[PDB]
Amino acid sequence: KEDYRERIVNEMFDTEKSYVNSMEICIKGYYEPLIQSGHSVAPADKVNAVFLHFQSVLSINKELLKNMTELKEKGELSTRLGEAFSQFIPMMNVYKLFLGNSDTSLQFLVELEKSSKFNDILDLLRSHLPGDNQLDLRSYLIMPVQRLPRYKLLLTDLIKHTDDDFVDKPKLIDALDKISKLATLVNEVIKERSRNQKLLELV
């Protein structure tokens, strides 16, 4: 049914805007302050290894949102959404690199986070984030990791509800095919879990 379909389309759009907006707030709010200042317990190399490949994800997602926004204001998003994805999907390797750095990124965060002074700086930077949703760093760094499975979810349900008479349908299928290829998120979730909880018992 058309109106169920519309909902999914709107959810994807609304969670994308949300996602890109959050990402810009982590760059503007955390990354940039660290690279400008608070230098002592937060060396640039440590900070950069933490954020490596994040602007890269923001970049391609911001372009995806742009095209999605272009279509929506023209009242043609339901019918050409897979057009927006066709520019996006082949830029995905960025997601591979980001995912690929998550183990390292987290190892450096946890090392930094031994410093009490460092923690205070981070808590300070957070208190300057806009909105009521002032999330901690991890809660931003994880978002690219979380996006992919949501795409899978969203696109699966949208395809199931898209007739073959939609010209856009193959474009959605291509997208789900390539997005699904990044099912290694589970490996990433697992390894992030272990590192975060390694030192319940001892180290």
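For every residue, the number given is its place in the sequence shown, counted from 1.
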- Item | 28 to 36 versus 47 to 55 - greater average Cα B-factor per the deposited record | 28 to 36
- Note on the structure: Stretch with higher mean Cα temperature factor, 134 to 142 vs 56 to 64, is 134 to 142
- Taking the Cα B-factors listed in the entry, which of 81, 97, 129, 109 comes out highest? 129
- Message: Quick check on the deposited entry: does the C-alpha B-factor of residue 178 sit in the lowest, middle or highest third of its chain?
- Response: highest
- Sorting the chain's modelled residues by C-alpha B-factor, tell me whether residue 21 ends up in the lowest, middle or highest third. lowest
- Going by what the PDB entry lists, where does residue 8 fall on CA B-factor within its chain: lowest, middle or highest third? middle
- Ordered by C-alpha B-factor within the chain, which third holds residue 41? Give me lowest, middle or highest, please. highest
- Task: Would you check the entry's CA temperature factor for residue 167 and let me know if it's in the chain's lowest, middle or highest third?
- Result: highest
